[PDB]
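Chemist: sequence unknown, structure follows:
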(Lines give C-alpha, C1' and ligand atoms only; values in the text may rest on other atoms or scores of the structure.)
Protein backbone atom coordinates (compact mmCIF):
# COMPACT_ATOMS: atom_id res chain seq x y z
CA UNK A 1 0.00 0.00 0.00
CA UNK A 2 0.88 3.69 0.12
CA UNK A 3 -0.59 6.42 2.32
CA UNK A 4 -0.15 10.18 2.16
CA UNK A 5 0.19 12.39 -0.91
CA UNK A 6 2.65 11.06 -3.50
CA UNK A 7 3.67 14.47 -4.80
CA UNK A 8 2.41 18.03 -4.44
CA UNK A 9 -1.02 17.25 -5.89
CA UNK A 10 -1.48 21.00 -6.33
CA UNK A 11 -5.16 21.95 -6.44
CA UNK A 12 -6.32 22.26 -2.84
CA UNK A 13 -5.28 25.92 -2.85
CA UNK A 14 -4.88 29.06 -4.95
CA UNK A 15 -1.59 30.80 -5.70
CA UNK A 16 -1.87 34.61 -5.51
CA UNK A 17 -0.59 36.45 -8.58
CA UNK A 18 1.61 39.17 -7.14
CA UNK A 19 5.12 40.48 -7.76
CA UNK A 20 8.44 38.64 -8.07
CA UNK A 21 10.30 40.56 -5.36
CA UNK A 22 7.42 41.29 -2.99
CA UNK A 23 9.10 39.10 -0.37
CA UNK A 24 12.71 39.79 -1.36
CA UNK A 25 14.66 40.58 1.79
CA UNK A 26 12.14 39.15 4.24
CA UNK A 27 12.70 35.94 6.20
CA UNK A 28 10.21 33.20 7.05
CA UNK A 29 10.22 30.23 9.43
CA UNK A 30 8.05 27.22 8.63
CA UNK A 31 7.33 24.91 11.57
CA UNK A 32 5.51 21.58 11.42
CA UNK A 33 3.54 20.38 8.41
CA UNK A 34 0.76 21.87 6.29
CA UNK A 35 -1.89 20.15 4.17
CA UNK A 36 -2.11 22.77 1.41
CA UNK A 37 1.65 22.49 0.88
CA UNK A 38 4.62 20.71 2.45
CA UNK A 39 7.60 22.38 4.12
CA UNK A 40 9.28 22.05 0.72
CA UNK A 41 6.41 23.35 -1.40
CA UNK A 42 5.64 26.37 0.78
CA UNK A 43 9.39 26.99 1.02
CA UNK A 44 9.97 27.10 -2.73
CA UNK A 45 7.21 29.72 -2.76
CA UNK A 46 8.70 32.17 -0.26
CA UNK A 47 11.99 31.75 -2.11
CA UNK A 48 10.32 32.17 -5.50
CA UNK A 49 9.61 35.75 -4.43
CA UNK A 50 12.92 36.37 -2.69
CA UNK A 51 11.90 35.51 0.86
CA UNK A 52 14.05 33.16 2.93
CA UNK A 53 13.07 29.96 4.73
CA UNK A 54 14.87 28.61 7.79
CA UNK A 55 13.78 26.07 10.38
CA UNK A 56 15.06 28.28 13.19
CA UNK A 57 13.93 31.51 14.87
CA UNK A 58 16.33 34.42 14.39
CA UNK A 59 16.50 38.15 15.10
CA UNK A 60 16.18 38.85 11.37
CA UNK A 61 13.06 36.70 11.08
CA UNK A 62 10.24 38.78 9.62
CA UNK A 63 7.41 36.25 9.87
CA UNK A 64 6.86 32.81 11.40
CA UNK A 65 4.79 30.36 9.36
CA UNK A 66 2.98 28.15 11.87
CA UNK A 67 1.05 24.96 11.17
CA UNK A 68 0.19 21.79 13.08
CA UNK A 69 1.89 19.61 15.69
CA UNK A 70 4.06 22.68 16.27
CA UNK A 71 5.70 23.68 19.54
CA UNK A 72 4.71 26.68 21.63
CA UNK A 73 8.33 27.72 22.17
CA UNK A 74 8.60 28.94 18.57
CA UNK A 75 5.87 31.51 19.17
CA UNK A 76 7.21 32.70 22.52
CA UNK A 77 10.66 33.55 21.16
CA UNK A 78 9.16 34.89 17.93
CA UNK A 79 6.96 37.40 19.75
CA UNK A 80 9.81 38.41 22.06
CA UNK A 81 12.05 39.33 19.13
CA UNK A 82 9.04 40.85 17.40
CA UNK A 83 8.09 38.44 14.63
CA UNK A 84 4.69 38.30 12.94
CA UNK A 85 3.16 34.83 13.25
CA UNK A 86 0.95 33.63 10.40
CA UNK A 87 -0.34 30.45 8.76
CA UNK A 88 -0.10 29.09 5.22
CA UNK A 89 -3.04 31.37 4.43
CA UNK A 90 -1.35 34.48 5.80
CA UNK A 91 1.71 33.69 3.69
CA UNK A 92 -0.27 33.63 0.45
CA UNK A 93 -1.98 36.95 1.16
CA UNK A 94 1.44 38.45 1.85
CA UNK A 95 2.12 37.72 -1.81
CA UNK A 96 -0.90 39.69 -3.00
CA UNK A 97 -0.65 42.49 -0.44
CA UNK A 98 3.10 43.06 -0.61
CA UNK A 99 4.38 45.39 -3.36
CA UNK A 100 6.66 44.45 -6.23
CA UNK A 101 10.07 45.43 -7.59
CA UNK A 102 11.87 45.47 -10.94
CA UNK A 103 14.65 42.89 -11.09
CA UNK A 104 17.87 43.65 -12.96
CA UNK A 105 17.01 40.92 -15.46
CA UNK A 106 13.66 39.35 -16.36
CA UNK A 107 13.13 35.68 -17.19
CA UNK A 108 11.00 34.83 -20.23
CA UNK A 109 8.46 32.00 -20.28
CA UNK A 110 7.96 32.87 -16.61
CA UNK A 111 4.86 30.69 -16.26
CA UNK A 112 3.79 27.28 -14.96
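Modeler: Cool, the structure landed. Residues are numbered from 1 along each chain as shown.
Chemist: what sits against residue 33?
Modeler: Residue 33 makes contacts with 39, 67-69, as judged by CB atoms under 8 Å, 6 or more residues apart in numbering. All C-beta spots, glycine's among them, are computed from the backbone N, C-alpha and C.
Chemist: who's in contact with stretch 69-76?
Modeler: Counting by CB under 8 Å, 6+ apart, 29, 31-33, 57, 64, 66, 85 sit against stretch 69-76.
Chemist: let me redo that: stretch 3-11
Modeler: For stretch 3-11, using CB under 8 Å, 6+ apart, the contacting residues are 37-38, 41.
Chemist: Quick one: the residues you listed as JSON lines, columns for distance to residue 23 and neighbour count too.
Modeler: Below are the contacts of stretch 3-11 laid out as JSON lines (distance: CB to CB, whole Å; neighbours: other CB atoms under 10 Å):
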{"residue": "37", "distance to residue 23": "15", "neighbour count": "23"}
{"residue": "38", "distance to residue 23": "19", "neighbour count": "16"}
{"residue": "41", "distance to residue 23": "15", "neighbour count": "17"}
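Chemist: Mind checking which of these land in strands?
Modeler: Assigned to strands by DSSP state E, none of these qualify.
Chemist: As TSV, these with distance to residue 106 would be great.
Modeler: Compiled in TSV, the contacts of stretch 3-11 are given as follows (distance: CB to CB, whole Å):
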residue	distance to residue 106
37	26
38	29
41	25
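Chemist: What subset of the contacts of stretch 69-76 is buried?
Modeler: The neighbour count (16 or more other CB atoms under 10 Å) marks 29, 31, 57, 64, 66 as buried among the contacts of stretch 69-76.
Chemist: which of those residues sit farthest apart?
Modeler: Largest separation among the buried ones among the contacts of stretch 69-76 by CB to CB: 57 and 66, giving 11.6 Å.
Chemist: Just confirm residue 96 is within a helix.
Modeler: Yes - the assignment for residue 96 (DSSP: H, G, I helix; E, B strand; the rest coil) places it in a helix.
Chemist: How many residues are close by it?
Modeler: The number of residues packed near residue 96 is 12, by other CB atoms under 10 Å.
Chemist: nearest residue to it other than its sequence neighbours?
Modeler: Once flanking residues are discounted, residue 96 sits nearest to residue 16: 3.9 Å by CB to CB, 6 or more residues apart in numbering.
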